[PDB]
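Visitor:
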Amino acid sequence: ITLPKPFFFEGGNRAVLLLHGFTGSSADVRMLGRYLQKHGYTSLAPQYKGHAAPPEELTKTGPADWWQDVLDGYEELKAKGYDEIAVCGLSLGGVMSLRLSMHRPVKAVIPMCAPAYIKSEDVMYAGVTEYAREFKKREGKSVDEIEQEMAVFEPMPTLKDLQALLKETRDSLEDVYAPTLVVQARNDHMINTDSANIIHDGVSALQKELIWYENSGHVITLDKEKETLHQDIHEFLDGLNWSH
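Positions 3 to 246 (the entry's author numbering) are the ones given, in order, by the sequence shown.
1. Would you call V178 buried or exposed, if buried means 16 or more other Cβ atoms sit within 10 Å of its Cβ?
2. How long is the line joining the alpha carbons of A207 and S99, rounded to whole angstroms?
3. Report the residue from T131, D71 and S93 whose alpha carbon sits nearest the alpha carbon of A116.
4. Using three-state DSSP, classify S144 as helix, strand or coil.
5. Report the start-end ranges of each beta strand (DSSP E) in the segment 98-140 that is 3 residues or longer and not cut off at the edges.
6. Classify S197 as helix, strand or coil using the three-state DSSP reduction.
7. State the start and end residues of the unbroken beta strand (DSSP E) segment that holds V185.
8. For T4, count neighbouring C-beta atoms within 10 Å of its own C-beta (all shown protein chains included) and say buried if the count is 16 or more, exposed if not.
9. Just checking my contact of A198 with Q186 at CB under 8 Å: how many whole Å lie between their CB atoms?
10. Going by Cα to Cα distance, which pick from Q70, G241, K82 and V184 is closest to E12?
11. Since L242 and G204 should fall inside the 8 Å C-beta cutoff, what is the C-beta to C-beta distance between them, to a whole number of angstroms?
12. What does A55 pair with, by DSSP beta-bridge criteria?
13. Cα separation between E156 and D146?
14. Could you tell me whether the Cβ atoms of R32 and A118 are closer together than 7 Å?
15. Quick one: grab the DSSP three-state call for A166.
16. Using only the alpha-carbon positions, how far apart do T25 and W69 sit?
17. Kindly indicate which three-state DSSP category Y215 falls into: helix, strand or coil?
18. With DSSP as the reference, please indicate the residues paired to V18 in a beta bridge.
19. Please state the DSSP three-state secondary structure of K62.
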């Protein structure tokens, strides 16, 4: 199985930190990164600990690890000399983008299909087992091989910390001052889509907008309205107060 690695795509002086989703990878934001590169923007996509790896590694990690990966990616951009950084993320990546805007200076925040409601731990964990099965099926494992491995698959007690991160972020949205573009797929079966209104309504940012994508599902970057999303993000980024 060929695992996605992190990326850094050079464009101009203007930088965007691209954050993937829970069980996702840099693959979730690679086409957006390429689009941005072609239009003047530099991007860097980190990957979270336990992701782009066998699923048994994922259950040994938690949001304390993933949050440090976000900060490490932000810091890598500033270490390369990019002092103006917008932050854009998919699902959990959108939550990490909002949290990052509360902790570090960012030019803008673009949460895409970010969850702002709290699902039961067993529903979250069921998403991790679906993920593990689909990984093992991409490994060409037999249905017996997959069932044997899933029968010893360990719990993930850090999902309760992931619930806490969602709740803290929802409860602290007034702390977001940076210009905010909320992106939300209409046909999202993975989160409560009202989260888009919670986030849009909750941030203190004067400069904010909510765009609904009427023919897309949760993984909006990979779906049929990705082209429109790219242009919408591009126009938003171009209207920001960049030094040059």
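Beta carbons: idealized from backbone N, C-alpha and C, even for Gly.
Guide: Concretely, from the data shown:
1. That one is buried.
2. The C-alpha of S99 is placed about 14 Å away from the C-alpha of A207.
3. For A116, the nearest C-alpha among the options comes from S93.
4. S144 falls in the coil class under three-state DSSP.
5. Here the runs fully enclosed are 111-114.
6. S197: helix per DSSP, three-state reduction.
7. Here the beta strand (DSSP E) through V185 covers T182 to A187.
8. Counting Cβ neighbours within 10 Å, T4 comes out exposed, since fewer than 16 surround it.
9. The C-beta distance from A198 to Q186 rounds to 3 Å, short enough to meet the 8 Å contact threshold.
10. Cα-wise, what sits closest to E12 is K82.
11. At roughly 21 Å, the Cβ-Cβ gap does not stay under 8 Å, so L242 and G204 are not in contact.
12. Beta-bridge pairing by DSSP links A55 to no other residue.
13. The alpha-carbon separation between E156 and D146 amounts to approximately 18 Å.
14. Going by C-beta atoms, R32 is not nearer than 7 Å to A118.
15. Here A166 sits in helix by DSSP.
16. One C-alpha to the other measures close to 14 Å.
17. DSSP places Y215 in strand when its eight states are reduced to three.
18. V18 is bridged to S45 and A88.
19. If DSSP states are grouped into helix, strand and coil, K62 belongs with coil.
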